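Here's a solo chain for you in structure tokens, the form deposited in one PDB entry.
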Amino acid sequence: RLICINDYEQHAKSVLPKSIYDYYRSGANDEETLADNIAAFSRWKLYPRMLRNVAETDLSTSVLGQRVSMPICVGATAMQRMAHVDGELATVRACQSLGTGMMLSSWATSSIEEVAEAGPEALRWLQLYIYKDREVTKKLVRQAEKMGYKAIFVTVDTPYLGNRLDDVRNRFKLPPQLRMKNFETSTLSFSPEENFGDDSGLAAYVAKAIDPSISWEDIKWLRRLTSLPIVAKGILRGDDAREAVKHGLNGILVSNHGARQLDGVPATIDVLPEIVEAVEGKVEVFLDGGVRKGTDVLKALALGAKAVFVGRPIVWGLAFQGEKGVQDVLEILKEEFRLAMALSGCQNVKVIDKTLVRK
């Protein structure tokens, strides 16, 4: 049946309730960037070397000092138990099997501790939102430290939620049996019994809970709060990337939030070279947005990314078959990436060079 990532999305549309599929699929507004995140990869053309000896292709690399089996990691996607009863527990188990890392959403339907218990040997990182309540925010960071998470990815592109039109039409909220499990109060847990207005429930949750005032001073606060590596997630400008380096951060995740925040920003693959240039080798640079195929991974590494993160494909894996479905999606990406390396003449990730691509 399902042999590529597109097949998993098509299957997910056939089995998920509309409101859930739409929440996961949607971009902001007219979804111009959503289309471009994919189309932009196709404009970058590959210039493969022949006759390089590719009998033994090594996909392994490192993310912030921690070894991974491939430069393909799981990005934070909220509320995974909407897709499959086991949600984030299924995802972390699959990541452990693959030897890759899982970035856990602050808006997960499973707690920091529950995910660590399900994937004790998995490489795990926490995606952090800065809540108006700094005591909540600190508690999340402290729990990530205690529970063996290896970095914080602080999201910097969401002072307010983007306007996802289907979520407004559908009046998106959690199904009755689920909660954001990192929080205790009805509002912070996004209880679907709380009053979140007449439009998208999630946009109202953000407006109530998440601090629109945050600034570089809050990054200074976070840098002093934890010794863990910190990655700025959602940077699209070289000047902001340089500022993140000046604040002592340890990486940049070039991201447009899966095209869900400001519509009409460029595709991440198109802004990646500016960001790689701007940081001058001082920190690792990662990419997410539109990764669906092994050749997308190859292109991102050729342009200087250390690794890429996948969002929606993971959710579609869950919707098919929980842990097994996430494992299948990651195995397809790994095999497509191996083949793309081999056909391009690359024995290992260290020889994936800039001459492999042109736009």
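Position 1 is the first residue in the sequence shown; the rest follow in order. Heads up, when I say rigid core I mean the largest set of C-alphas that superpose within 1.5 Å between the two forms.
- Root-mean-square C-alpha deviation from the shown form, taken over all structures in 9 other deposited structures of this protein superposed by the rigid core, is larger for 202-210 than for the alternative among 202-210 and 77-85.
- Where the other entries of this protein model the residues before and after it, residue 192 is dropped from at least a third of them.
- Remark: stretch with higher mean C-alpha B factor among 228-236 and 134-142 is 134-142.
- In this entry, 321-329 shows the higher mean Cα temperature factor of the pair 290-298 and 321-329.
- Set against one another, the Cα B-factors of 77, 191, 163, 127 in the record reach their highest point at 191.
- Of the residues listed, 112, 102, 210, 244, the entry assigns the biggest Cα temperature factor to 112.
- Split the chain's modelled residues into thirds by C-alpha temperature factor. Residue 174 is in the highest one.
- Sort the modelled residues of the chain by CA B factor and residue 343 lands in the lowest third.
- Sort the modelled residues of the chain by CA B factor and residue 248 lands in the highest third.
- Sorting the modelled residues of the chain by their CA temperature factor places residue 269 in the lowest third.
- Residue 56 sits in the highest third of its chain by CA B factor, as recorded in the PDB entry.
One more form of this protein exists, namely the form solved in complex with a small molecule; it is left out here, but the text below deals with it.
- Although the partner is absent here, residue 277 lies well away from the small molecule in the entry with it bound, with no heavy atom inside 4.5 Å.
- Shown alone here, residue 208 lies within 4.5 Å of the small molecule in the entry with it bound, counting heavy atoms only.
- For residue 100, no non-hydrogen atom is located within 4.5 Å of the small molecule in the entry with it bound, even though that partner is not displayed.
- The small molecule in the entry with it bound is approached by residue 133, whose closest heavy atom lies within 4.5 angstroms of it.
- Between the small molecule and the residues 236, 180, 262, 118, the one pair within 4.5 Å by heavy atoms in the entry with it bound involves 180.
- The stretch that touches the small molecule in the entry with it bound, counting heavy atoms within 4.5 Å, is 208-216, out of 208-216, 144-152, 277-285, 91-99.
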